[PDB]
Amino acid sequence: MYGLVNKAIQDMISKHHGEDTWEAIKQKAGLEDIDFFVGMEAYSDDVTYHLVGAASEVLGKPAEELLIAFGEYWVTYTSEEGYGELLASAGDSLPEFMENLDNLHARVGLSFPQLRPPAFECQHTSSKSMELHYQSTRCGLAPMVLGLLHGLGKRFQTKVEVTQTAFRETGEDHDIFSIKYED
């Protein structure tokens, strides 16, 4: 993934647990050689997966729990680190934002030519609910989507309940989330 993602992981861990903890995690991920992540540079997905695993071991938390926290953090991180206007242009409510998400990544894909973005499709069930279809070239990131949606809920001051109903992991075609939102 692009270095931006790795910078954000490093940033989250450093802020919450300090530099020493970050250094340990980086060491254990086998990335001692890397002095810093370059934001607009493409890295092997392995770099990100090794960071998550090492963080899980060092911090004593399941990787999935960390993915949730990271998904939430990313919504704030992007708005403060160069993407605030891009986010604002994707709308002012949870449902409109999720509708624009493919188009937002298309725009992101202008500047990050090698992007492999997720694909998100919305089926609205009411004015307070939707089924969200999540398709990816990558495994294991559904928990991050859950945290992202909560991050978006906080962004729009909107209560959200997210329950995963299909798992690309129990053999379903792709992840599907049922979402309830009020405000």
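One-based numbering along the sequence shown.
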Query raised in the report: As stated in the PDB record, which stretch has the larger average Cα B-factor, 155-163 or 16-24?
Result: 16-24
Requested in this report: Using only the Cα atoms and their B-factors as the entry lists them, report which of 52-60 and 29-37 averages higher.
Outcome: 29-37
**Report entry** Peak C-alpha temperature factor (PDB record), options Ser89, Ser111, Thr78, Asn103
**Finding:** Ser111
Query raised in the report: Of the three thirds of its chain by CA temperature factor, lowest, middle or highest, which one includes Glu172?
Result: highest
Query raised in the report: Which third, lowest, middle or highest, does the CA B-factor of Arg138 fall in along this chain?
Result: middle
Query raised in the report: If you rank the chain by CA B-factor, which third does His150 end up in: lowest, middle or highest?
Result: lowest
